[PDB]
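Structure, as structure tokens:
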Amino acid sequence: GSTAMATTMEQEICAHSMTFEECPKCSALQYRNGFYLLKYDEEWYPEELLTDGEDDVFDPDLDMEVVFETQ
Ligand SMILES: [Zn+2]
């Protein structure tokens with residue numbers, strides 16, 4: 001958090017000691033669109049959200065920290 005930044009961008013790294021676009025909730029914002037279909041992959045209907053019980057637990061199928069090309 002504000003280590004050696006000042007140039008312009010100050011979100012290149014989320015407060016999670018890592019890239020912002022490399023986080024979940026970060027990608028949950030809907031910054032992806034490989035297939036511009038409002039989605040990419042999934043197989044788990046909406047429900048018990050991320051502790052938000054908002055009703056939407058989109059299964060991160062074919063889209064993880066490795067399952068993004070393999071299986
Ligand atoms: Zn983040």
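Letters for chains follow the order of the structure tokens (A, B, ...), residue numbers begin at 1 for each chain, and ligand numbers begin at 1 in the order shown.
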Contacts of residue 3 of chain A at 12 Å (only C-alpha atoms; same-chain gap of 6+ positions) as a PyMOL selection string: chain A and resi 10-15+17
Closest-contact table, chain A side, partner ligand 1, 6 Å, counting only C-alpha atoms and all ligand atoms, as a Markdown table:
```
| residue | atom | partner | partner_atom_place_in_ligand_line | distance |
| --- | --- | --- | --- | --- |
| A:14 | CA | ligand 1 | 1 (Zn) | 4.5 |
| A:20 | CA | ligand 1 | 1 (Zn) | 4.0 |
| A:23 | CA | ligand 1 | 1 (Zn) | 4.2 |
| A:26 | CA | ligand 1 | 1 (Zn) | 4.4 |
```
Among the residues A:27, A:44, A:33, A:50, the one that comes closest to residue 64 of chain A [using only C-alpha atoms]: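 Looking at the shortest contact to residue 64 of chain A, the residue is A:27.
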Which of chain A fall in helix (DSSP H, G or I), as a ChimeraX atom specification: /A:20-22,24-28
A:52, A:46, A:63, A:5 ranked by distance to residue 34 of chain A, top pick (using only C-alpha atoms): A:63
Close residues, residue 48 of chain A itself excluded, 12 Å, only C-alpha atoms, min 4 positions apart in chain, as a list in words: residues 44, 52, 53, 54, 55, 56, 57, 58 and 59 of chain A
Store the residues picked out above in a file with C-alpha atoms, as a PDB file, in the first residue's frame.
```
ATOM      1  CA  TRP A  44     -22.998 -23.374 -10.077  1.00  0.00           C
ATOM      2  CA  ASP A  52     -22.999 -11.756   1.138  1.00  0.00           C
ATOM      3  CA  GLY A  53     -25.788 -14.267   0.644  1.00  0.00           C
ATOM      4  CA  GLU A  54     -26.682 -11.985  -2.239  1.00  0.00           C
ATOM      5  CA  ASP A  55     -27.688 -15.148  -4.059  1.00  0.00           C
ATOM      6  CA  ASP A  56     -24.960 -15.638  -6.637  1.00  0.00           C
ATOM      7  CA  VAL A  57     -22.181 -18.142  -6.060  1.00  0.00           C
ATOM      8  CA  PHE A  58     -21.021 -18.342  -9.658  1.00  0.00           C
ATOM      9  CA  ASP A  59     -18.781 -21.392  -9.639  1.00  0.00           C
TER      10      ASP A  59
END
```
Residue 68 of chain A surroundings by only C-alpha atoms, 12 Å radius, close-in-sequence under 6 positions cut, as a PyMOL selection string: chain A and resi 34+40-41+60-62
Any chance you could export the current selection's N, CA and C atoms as an mmCIF file, in the first residue's frame?
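File part-v8.cif, as written:
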```cif
data_model
loop_
_atom_site.group_PDB
_atom_site.id
_atom_site.type_symbol
_atom_site.label_atom_id
_atom_site.label_comp_id
_atom_site.auth_asym_id
_atom_site.auth_seq_id
_atom_site.Cartn_x
_atom_site.Cartn_y
_atom_site.Cartn_z
ATOM 1 N N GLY A 34 -13.582 -12.212 -22.046
ATOM 2 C CA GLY A 34 -12.908 -12.994 -23.069
ATOM 3 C C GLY A 34 -13.872 -13.375 -24.194
ATOM 4 N N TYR A 40 -17.817 -16.088 -18.561
ATOM 5 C CA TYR A 40 -16.728 -16.837 -19.165
ATOM 6 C C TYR A 40 -16.926 -18.342 -18.980
ATOM 7 N N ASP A 41 -17.263 -18.715 -17.754
ATOM 8 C CA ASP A 41 -17.484 -20.115 -17.432
ATOM 9 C C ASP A 41 -18.129 -20.220 -16.048
ATOM 10 N N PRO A 60 -16.445 -20.805 -10.020
ATOM 11 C CA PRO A 60 -15.293 -20.397 -10.807
ATOM 12 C C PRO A 60 -14.780 -21.553 -11.668
ATOM 13 N N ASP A 61 -15.684 -22.097 -12.470
ATOM 14 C CA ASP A 61 -15.338 -23.205 -13.345
ATOM 15 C C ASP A 61 -14.527 -22.678 -14.531
ATOM 16 N N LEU A 62 -13.603 -23.508 -14.992
ATOM 17 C CA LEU A 62 -12.759 -23.141 -16.115
ATOM 18 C C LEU A 62 -12.378 -21.663 -15.999
#
```
